[PDB]
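Contents: one structure, followed by commentary.
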2 protein chains.
Amino acid sequence: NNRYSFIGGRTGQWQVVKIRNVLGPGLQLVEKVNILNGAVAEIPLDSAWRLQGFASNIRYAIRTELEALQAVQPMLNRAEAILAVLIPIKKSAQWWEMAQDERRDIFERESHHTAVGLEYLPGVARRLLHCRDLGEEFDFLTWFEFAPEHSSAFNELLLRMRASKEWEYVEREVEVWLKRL
Amino acid sequence: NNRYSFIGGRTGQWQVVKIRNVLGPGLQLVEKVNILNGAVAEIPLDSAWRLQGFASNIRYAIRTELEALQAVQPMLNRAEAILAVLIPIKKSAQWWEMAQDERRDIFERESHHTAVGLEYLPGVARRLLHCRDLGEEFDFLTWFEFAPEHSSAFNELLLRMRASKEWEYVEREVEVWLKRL
Ligand code: HEM
Ligand code: HEM
Ligand SMILES: [Cl-]
Ligand SMILES: [Cl-]
C-alpha cells in the first residue's frame with residue numbers, strides 16, 4: 001500500500017511534543033499521532049484530525065541527484081531516531097499552474113532544495129507523501145526523524161528552506177514535533 | 001472535482017463501437033460507458049468494469065510547449081466531436097524507477113510526444129488522467145474526441161506513438177472506441 005494516514009488524538013505510536021502553527025490555519029494540539037499504512041474512512045473516536053497521502057514517483061530530482069542521495073541517506077526506523085517531525089505543506093495556485101521547467105528552476109536552480117537538504121544527511125531521515133491529488137487541504141505531508149543530537153541542525157534546516165524562493169509559493173505550513181513511544 | 005470514473009456496462013452517455021485489446025489483459029466488451037465526475041465505490045449494477053483517475057498538474061511539458069498547445073488545442077464537447085477513444089495505459093516498473101531527467105528525455109527528446117501530438121490538433125481533443133497513485137491496474141486513462149473526418153488521422157497518430165521509444169515502456173494498453181449518444 002502506497003497510502004499513509006496520520007490521526008491526531010489520544011492513541012498512537014508517537015507522542016506530540018509540540019505543534020507550531022507556522023503559516024495558515026493550524027492543527028489542534030493532541031496527545032498522540034497514530035500512523036497507519038492504508039486509507040482510513042472511519043474517523044477514530046476522540047481524534048481531532050486526519051491527514052493522508054501517498055508515496056509516488058520522483059517529480060524533479062535528476063539521476064545524479066538521486067545517486068548522491070542514495071549514497072548518504074539513512075533508512076527510517078533507526079533505533080536512534082526517537083524524534084520525528086510531521087510537516088504538512090500547501091503551495092499556491094500560481095505554483096501549480098506553472099510549467100515543469102519553471103517549477104524545476106525554482107526548486108533546484110534557485111532554491112537549491114536538494115543541495116541544501118544533502119548537508120543534513122545522514123543525521124536526518126525523510127519521507128515525502130503527496131495529497132493535492134486526493135482533495136486534501138494540504139498538498140504534501142513531509143516526515144523527518146532523527147536522534148536528539150540533530151534537533152538543532154534540523155531547526156537550522158527549516159529556517160533555510162523558509163528563506164528560499166520556493167517558500168514564497170508556500171501558503172500553509174504546520175510543524176508537528178513527535179517522540180517515539 | 002478532479003476525479004473521473006468510467007463504468008462499462010449497459011448504461012451511459014457513450015456507445016461502445018469496439019474494444020481493441022492492444023497489449024496485455026484486455027477489457028470485457030460492453031454496450032456502453034457511463035462517465036461520472038466523482039469517485040464511485042458502489043459497483044453499478046450490470047457493469048463489467050470501472051476505471052477511474054484524477055486530473056493533475058503538468059509533469060513534463062515546458063512553458064514553450066504549453067504555449068504551443070494552448071494556441072491550438074480544442075475544448076471538449078464540441079458539437080461535431082461525436083467519436084471518442086478511451087485508452088488506458090500502464091508503463092513498466094523500469095519506467096517508474098527512472099529519474100525525472102531520464103523520463104523527460106525519453107518522452108520528448110527521443111519520442112517527440114508533444115511535437116508529434118501537435119500535428120493532430122485541432123482535429124483531436126484530449127484529456128489526461130492519472131491513476132497509478134490510486135492503486136489502479138492502469139497507470140493512466142487517456143481520452144480523445146474528434147469528428148469522423150479525423151478518424152483516419154487519429155489512427156495514424158496511434159501507430160506513430162507506438163513506434164516511439166516511449167512505448168517500449170508500455171506494458172498494458174486497451175483502446176475503447178465510442179460514439180456519443
Ligand atoms: C532533510 C533533507 C531534505 C532532502 C534531502 C530533501 C530532498 C528532497 C527532494 C530530492 C525532493 C524532490 C523529490 C522529487 O523529485 O519528487 C524533495 C521534495 C520536497 N521536499 Fe524536501 N528534502 C529535505 C528536507 C525538506 C524539508 C525540511 C521540507 C519542508 C519543511 C521539505 C519539503 C519538500 C517538499 C514540499 C517537496 C515536494 C516539492 C514539490 O513537489 O513541489 N524537504 N525533497
Ligand atoms: C493528440 C495529441 C496529443 C498531444 C498534443 C499530447 C500531449 C501530451 C502532453 C503535452 C503530455 C505531457 C503532460 C504533462 O507534462 O503532464 C502528454 C502525456 C501523455 N500522453 Fe499524450 N498527447 C497526445 C496524444 C496522445 C495519445 C494518442 C496517447 C496514447 C495513445 C497519449 C498518451 C499520453 C500519456 C500516457 C501521457 C502521460 C505520460 C506520463 O505522464 O508518463 N497521448 N500528452
Ligand atoms: Cl522521499
Ligand atoms: Cl490534458
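Identifiers for the C-alpha cells are assigned positionally: chains receive A, B, ... in sequence, residues are indexed from 1 per chain, and ligands are indexed from 1 in the order shown.
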Please write out the residues within 8 Å of ligand 2 as a ChimeraX atom specification, counting only C-alpha atoms and all ligand atoms. /A:99-100 /B:56-62,65-66,69,73,87-91,103,107,113-121,124-126,128,130,140-142,144,154,157-158,161-162
Residue contacts of residue 45 (chain B) (12 Å, only C-alpha atoms) excluding same-chain residues fewer than 6 positions away, as a ChimeraX atom specification: /B:7-11,34
My list of candidates is B:98, B:68, B:93, B:16. Which is closest to ligand 1 when distances are computed with only C-alpha atoms and all ligand atoms? B:98
Shell of 8 Å around residue 131 (chain A), only C-alpha atoms, local chain residues under 5 positions omitted, as a list in words: residues 52, 53, 54, 136, 138, 139, 140 and 141 of chain A
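Distance annotation: of B:122, B:24, B:179, B:101, the residue with the minimal separation from residue 71 (chain B) is B:122; atom set is only C-alpha atoms.
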As an MDAnalysis selection string, please: every residue in region 32-164 of chain B that DSSP puts in strand (DSSP E or B). chainID B and resid 32:36 47:54 83:91 125:130 140:146
Tell me, in Å to one decimal, how far CA of residue 6 (chain A) is from CA of residue 172 (chain A).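 Atom-to-atom, CA of residue 6 (chain A) to CA of residue 172 (chain A), that is 17.6 Å.
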